[PDB]
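Here's a solo chain for you in C-alpha cells, the form deposited in one PDB entry.
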C-alpha cells in the first residue's frame, strides 16, 4: 500500500504469513527478515509496517519510516501505533488446548505412552473426574473460558484470580493470601496468568512448593510467570510428577535445556496461542489502509 511490510518471528513461519497477506492484498510488498540477526533484503526506507514477535534488539531502528507495528499475538520502538491481533476464536482454541492437556494428565496418558514403548499393557486404578482437582491460575478472558469448559467434564475445578470472580461450577479463590491454599488443593494446575510486573515470577520456588507432592503442571501463559529454574528443580525432585509446557523463558527452547529429554515432560512449541495467517491477514491489511488514510487503527494496544 505505497510501502513494504517486514515480518520477523523466530516462532512463526514467515512464508505462510507472506502468502496470506499477499492473497488479501495483491502486490503488497512483504519482506521476511531472517531469524536471529533480522537481515532483510531491499531498501529499508520503503518499509512502513512491521509484523513481529520479539525481534532482535535494535530491529526497529532499521526502518526510519515505520508507521505501524503489529504484534504476532521498549528501548528502540518508535512513536507509532502498536496493534495486536484480535482473533475472535483464540479463546476457543486455547480452551480446547487446555482441555487436551488436562485430560492427558488426568487419564495418566504419559504413563501409558511409556508403557507402549516398553511393549506392556498397563493397569491403573480407575478414578472419576469428580475426584480430580484441577486448578486454573488466572481467570481473565482466556482462563475463565478454560475453567468453565473444564467444569463441563465433571472435574473438581478451582480457579485463582487477583480479584473476586463468580464462575458457575468453578470454585474461585482470590488474592495473594489465598494462593497457598488454592495451590495445595490442586492436583493438576494450569498456568493462564497474563504476564505483568505483579505476575512475573509468581510461580517461584516458594509457590511451587505449595502444590501437593505429585502434582501435574501445565503452562500455557508465558515462560516467565513461572521461574523455569525452580520448575526444573521441582521436576527433578519428584515434587511435580509431570508437566506439559507450551511456553518457555527462551524460545525456541534452547537445545541444551534439560526439559527436552525428560520423559515426564511434554514440550509443545507455542501451540496453545498460535496466530493463524488466513484469519489474521485481513485485519492487518485493513490497518495498513487505515494508517495510510489517517484513520484510527483497529486493535491498538
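Numbering follows the first chain given and starts at 1.
Keep in mind the form deposited in another entry is missing from the figure; the text below concerns it.
- Within the set 88, 163, 168, 152, 88 is the hinge position, where C-alpha fit passes from one rigid part to the other between the shown form and the other one.
- Panel note: the distance between the CA atoms of residue 248 and residue 56 is larger in that other deposited form than in this form, the difference being 3 Å or more.
- Relative to the displayed conformation, the Cα-Cα distance from residue 88 to residue 170 shrinks by 3 Å or more in that other deposited form.
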